[PDB]
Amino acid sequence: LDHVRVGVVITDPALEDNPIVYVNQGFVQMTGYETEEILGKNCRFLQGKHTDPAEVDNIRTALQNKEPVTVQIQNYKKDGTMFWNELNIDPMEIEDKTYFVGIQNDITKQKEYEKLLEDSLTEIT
């Protein structure tokens, strides 16, 4: 119970709207969506009210150009909780066919947990 784990997705851009075709349990736990509530969707489903449209634009462009991209973007869990998602996307090839691998980091949580350790270690003196 309660751990920080990276989220990993693979999407298939040869399919309609570049859907997620693989997701790790880390991302299930990070976002609050079950595996089958993630698979088959475009990753944009995690965006919401305060997602910066300019950074969404910059992802779209990167993916169009098959350029690796890293960006911090506001994302939303199934229960509505906002989190900062540090997203790295890598274009890649498997069957001499292109896929995208995304690695997601819950920066909000990584900070929260590092501070708990920080504050604990203080309390020891």
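Note that residue numbering follows the sequence shown and begins at 1.
- Of the two segments examined, 69-77 and 91-99, it is 91-99 that shows the higher average Cα temperature factor in the deposited entry.
- For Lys111, the recorded CA B-factor ranks within the middle third of the chain. Only modelled residues enter the ranking.
- In the deposited entry, the Cα temperature factor of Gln29 places it in the middle third of its chain's modelled residues.
- Sort the chain's modelled residues by C-alpha temperature factor and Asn85 lands in the middle third, per the entry.
- Among the modelled residues of its chain, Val4 has a C-alpha B-factor that falls in the highest third according to the deposited record.
- In the deposited entry, the Cα temperature factor of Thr51 places it in the middle third of its chain's modelled residues.
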